[PDB]
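> My questions all concern the structure below.
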Amino acid sequence: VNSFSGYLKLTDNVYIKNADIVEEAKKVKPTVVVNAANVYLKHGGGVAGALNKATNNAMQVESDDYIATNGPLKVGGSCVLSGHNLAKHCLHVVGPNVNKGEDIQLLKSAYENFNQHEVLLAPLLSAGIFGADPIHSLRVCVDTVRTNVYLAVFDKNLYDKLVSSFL
Ligand SMILES: O=C(O)[C@H]1CN(c2ncnc3[nH]c4cc(F)ccc4c23)CCO1
């Protein structure tokens, strides 16, 4: 038993809700919140900008130190950093950004990072400003992640389409 509430169960291990991940993160304090990161951990907009704003820019400060030490992530890769006031940990995961021409096949590699964590609150990778089809992202999530994932979808309209078209 865990504290996630109001989710629709899609599969054995994947759940979904119309929610603002920032507000869901502040209420659940999950062990892991996933950020829709880029390779530079520049949290300017989308989910990343919202999560970072909710940390009063502490996420960005920590991220800049991480990059200065380690260099950029790989597309499809991840790193674990602090969850600040939102979660114990933040798993920064880089999905491919279609608006940069990145290979959508890397989306599966991106979701594989979730399997290193037993339970996660997450957005749909490569959705929103990353330009991928959220219905495809949900399919890859379901077919790749084996650990327990609670997907927060900000847009109510989108959420209804994802549920209604789910196979
Ligand atoms: O923007 C993207 O990268 C993806 C995923 N994204 C989200 N998904 C779940 N919760 C979200 N809270 C937000 C607050 C914001 F200010 C901006 C985006 C979100 C958001 C929105 C749709 O497309």
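Each chain in the structure tokens gets a letter, A, B, ..., in the order shown, and its residues are numbered from 1; ligands are numbered from 1 in order too.
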Could you give me the residues within segment 18-66 of chain A that DSSP places in helix (DSSP H, G or I), as a list in words?
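Answer for segment 18-66 of chain A restricted to helix (DSSP H, G or I) is residues 21, 22, 23, 24, 25, 26, 27, 28, 46, 47, 48, 49, 50, 51, 52, 53, 54, 58, 59, 60, 61, 62, 63, 64, 65 and 66 of chain A.
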> Given the selection you just returned, output its residues as a file containing N, CA, C and O atoms, formatted as a compact mmCIF listing (two decimals), in the first residue's frame.

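result-v7.txt was written with the following content:
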```txt
# COMPACT_ATOMS: atom_id res chain seq x y z
N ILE A 21 2.03 17.59 -11.69
CA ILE A 21 3.06 16.80 -11.02
C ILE A 21 3.68 17.56 -9.86
O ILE A 21 4.07 16.95 -8.85
N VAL A 22 3.76 18.88 -9.95
CA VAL A 22 4.31 19.68 -8.85
C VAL A 22 3.42 19.55 -7.62
O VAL A 22 3.89 19.34 -6.50
N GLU A 23 2.11 19.72 -7.81
CA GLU A 23 1.17 19.62 -6.69
C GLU A 23 1.06 18.20 -6.18
O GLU A 23 0.89 17.98 -4.98
N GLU A 24 1.15 17.22 -7.08
CA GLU A 24 1.14 15.84 -6.66
C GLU A 24 2.41 15.52 -5.94
O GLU A 24 2.40 14.81 -4.93
N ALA A 25 3.52 16.04 -6.44
CA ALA A 25 4.75 15.81 -5.69
C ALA A 25 4.68 16.46 -4.31
O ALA A 25 5.04 15.84 -3.30
N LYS A 26 4.23 17.70 -4.18
CA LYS A 26 4.24 18.31 -2.83
C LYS A 26 3.36 17.57 -1.83
O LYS A 26 3.64 17.60 -0.63
N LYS A 27 2.29 16.91 -2.28
CA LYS A 27 1.35 16.24 -1.39
C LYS A 27 1.78 14.82 -1.02
O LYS A 27 1.60 14.40 0.12
N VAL A 28 2.35 14.08 -1.97
CA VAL A 28 2.74 12.70 -1.70
C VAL A 28 4.14 12.61 -1.09
O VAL A 28 4.40 11.70 -0.29
N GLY A 46 8.38 23.66 -19.49
CA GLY A 46 7.73 22.37 -19.39
C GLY A 46 7.73 21.87 -17.97
O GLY A 46 7.75 22.65 -17.01
N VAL A 47 7.73 20.55 -17.82
CA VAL A 47 7.77 19.93 -16.50
C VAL A 47 9.00 20.39 -15.73
O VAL A 47 8.93 20.64 -14.53
N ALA A 48 10.16 20.45 -16.40
CA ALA A 48 11.40 20.79 -15.69
C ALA A 48 11.34 22.21 -15.14
O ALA A 48 11.72 22.45 -14.00
N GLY A 49 10.88 23.16 -15.95
CA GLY A 49 10.77 24.51 -15.46
C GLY A 49 9.82 24.62 -14.28
O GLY A 49 10.07 25.37 -13.35
N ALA A 50 8.72 23.86 -14.32
CA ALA A 50 7.76 23.88 -13.22
C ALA A 50 8.34 23.25 -11.96
O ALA A 50 8.20 23.80 -10.87
N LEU A 51 8.98 22.08 -12.08
CA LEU A 51 9.58 21.46 -10.90
C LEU A 51 10.64 22.37 -10.30
O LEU A 51 10.68 22.58 -9.09
N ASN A 52 11.48 22.94 -11.15
CA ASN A 52 12.57 23.77 -10.65
C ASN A 52 12.02 25.02 -9.97
O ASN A 52 12.49 25.41 -8.89
N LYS A 53 11.01 25.66 -10.58
CA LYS A 53 10.39 26.83 -9.96
C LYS A 53 9.85 26.48 -8.57
O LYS A 53 9.99 27.26 -7.63
N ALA A 54 9.24 25.30 -8.43
CA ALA A 54 8.69 24.88 -7.15
C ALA A 54 9.78 24.67 -6.09
O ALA A 54 9.48 24.76 -4.90
N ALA A 58 16.51 25.80 -6.42
CA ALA A 58 17.53 24.94 -5.83
C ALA A 58 17.85 23.76 -6.73
O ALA A 58 19.01 23.32 -6.77
N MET A 59 16.86 23.24 -7.45
CA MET A 59 17.13 22.17 -8.41
C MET A 59 18.15 22.62 -9.46
O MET A 59 19.08 21.88 -9.78
N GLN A 60 17.99 23.83 -9.99
CA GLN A 60 18.93 24.34 -11.00
C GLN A 60 20.33 24.51 -10.42
O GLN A 60 21.31 24.17 -11.08
N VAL A 61 20.44 25.04 -9.21
CA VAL A 61 21.75 25.23 -8.58
C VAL A 61 22.46 23.89 -8.43
O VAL A 61 23.64 23.74 -8.77
N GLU A 62 21.74 22.88 -7.93
CA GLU A 62 22.32 21.55 -7.77
C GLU A 62 22.71 20.97 -9.12
O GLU A 62 23.76 20.33 -9.26
N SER A 63 21.85 21.17 -10.12
CA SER A 63 22.09 20.63 -11.46
C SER A 63 23.32 21.26 -12.10
O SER A 63 24.09 20.57 -12.78
N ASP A 64 23.51 22.56 -11.94
CA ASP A 64 24.67 23.22 -12.53
C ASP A 64 25.96 22.67 -11.94
O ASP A 64 26.95 22.48 -12.66
N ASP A 65 25.98 22.40 -10.63
CA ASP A 65 27.14 21.76 -10.02
C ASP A 65 27.35 20.35 -10.58
O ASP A 65 28.48 19.94 -10.84
N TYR A 66 26.26 19.60 -10.78
CA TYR A 66 26.37 18.25 -11.35
C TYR A 66 27.01 18.30 -12.73
O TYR A 66 27.91 17.51 -13.04
```
> Give me, as an MDAnalysis selection string, the set of residues whose atoms come within 7 Å of any atom of ligand 1, counting only C-alpha atoms and all ligand atoms.
chainID A and resid 19:22 36 45:47 49:50 123:124 126:130 152:155
> Excluding same-chain residues fewer than 2 positions from segment 79-95 of chain A, what lies within 6 Å of it counting only C-alpha atoms, as an MDAnalysis selection string?
chainID A and resid 25:26 29:38 75:77 107 110 125:126
> Write the residues you've just listed into a file as an mmCIF file, in the first residue's frame, and include C-alpha atoms for each of them.

```
data_model
loop_
_atom_site.group_PDB
_atom_site.id
_atom_site.type_symbol
_atom_site.label_atom_id
_atom_site.label_comp_id
_atom_site.auth_asym_id
_atom_site.auth_seq_id
_atom_site.Cartn_x
_atom_site.Cartn_y
_atom_site.Cartn_z
ATOM 1 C CA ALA A 25 4.751 15.805 -5.690
ATOM 2 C CA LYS A 26 4.244 18.305 -2.834
ATOM 3 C CA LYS A 29 6.439 13.456 -1.089
ATOM 4 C CA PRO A 30 7.169 10.399 -3.195
ATOM 5 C CA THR A 31 10.496 8.621 -2.906
ATOM 6 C CA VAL A 32 11.183 9.453 -6.577
ATOM 7 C CA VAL A 33 9.796 12.164 -8.841
ATOM 8 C CA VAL A 34 10.897 12.016 -12.486
ATOM 9 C CA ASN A 35 11.941 15.197 -14.250
ATOM 10 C CA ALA A 36 11.642 15.590 -18.017
ATOM 11 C CA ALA A 37 15.236 16.780 -18.283
ATOM 12 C CA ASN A 38 17.522 17.780 -21.120
ATOM 13 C CA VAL A 75 19.812 11.324 -24.578
ATOM 14 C CA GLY A 76 18.088 8.274 -23.102
ATOM 15 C CA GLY A 77 20.109 8.605 -19.885
ATOM 16 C CA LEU A 107 12.363 6.802 -25.780
ATOM 17 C CA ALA A 110 14.798 6.648 -21.434
ATOM 18 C CA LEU A 125 8.611 11.210 -21.317
ATOM 19 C CA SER A 126 9.137 13.199 -24.512
#
```
> Record the distance separating atom CA of residue 119 of chain A and atom CA of residue 14 of chain A, expressed in Å with one decimal.
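Computing the Euclidean distance for atom CA of residue 119 of chain A and atom CA of residue 14 of chain A yields 10.1 Å.
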> Can you pull out every residue from chain A that DSSP, working from the backbone, puts in strand (DSSP E), and format the result as a count of residues only?
32
> Any idea what the distance is between atom CA of residue 150 of chain A and atom CA of residue 15 of chain A?
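Straight-line distance from atom CA of residue 150 of chain A to atom CA of residue 15 of chain A works out to 4.8 Å.
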> Looking at A:16, A:73, A:132, A:39, which one is nearest to residue 105 of chain A, with distances taken over only C-alpha atoms?
A:132
> Which residue is closest to residue 161 of chain A? Choose from A:134, A:109, A:11, A:78 and count only C-alpha atoms.
A:134
> Would you compute the distance between atom CA of residue 121 of chain A and atom CA of residue 149 of chain A? Give it in Å to one decimal.
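Going from atom CA of residue 121 of chain A over to atom CA of residue 149 of chain A covers 6.1 Å.
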> Name the residues in contact with residue 114 of chain A at a cut-off of 8 Å, using only C-alpha atoms, excluding same-chain residues fewer than 5 positions from it; report them as a tab-separated table (two decimals) with N, CA, C and O atoms, in the first residue's frame.

```tsv
chain	number	residue	atom	x	y	z
A	120	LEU	N	7.67	5.25	-8.69
A	120	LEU	CA	7.98	6.59	-9.18
A	120	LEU	C	6.71	7.35	-9.51
A	120	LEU	O	5.74	6.77	-10.00
A	145	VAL	N	8.46	-0.16	-18.71
A	145	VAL	CA	8.61	-0.03	-17.27
A	145	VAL	C	7.92	-1.22	-16.61
A	145	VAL	O	6.77	-1.54	-16.91
A	147	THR	N	8.52	-1.57	-13.01
A	147	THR	CA	8.30	-1.09	-11.66
A	147	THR	C	7.03	-0.26	-11.63
A	147	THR	O	6.34	-0.09	-12.64
```
> Return the single residue from A:160, A:146, A:68, A:131 that is closest to residue 98 of chain A, with distances computed using only C-alpha atoms.
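Looking at the shortest contact to residue 98 of chain A, the residue is A:131.
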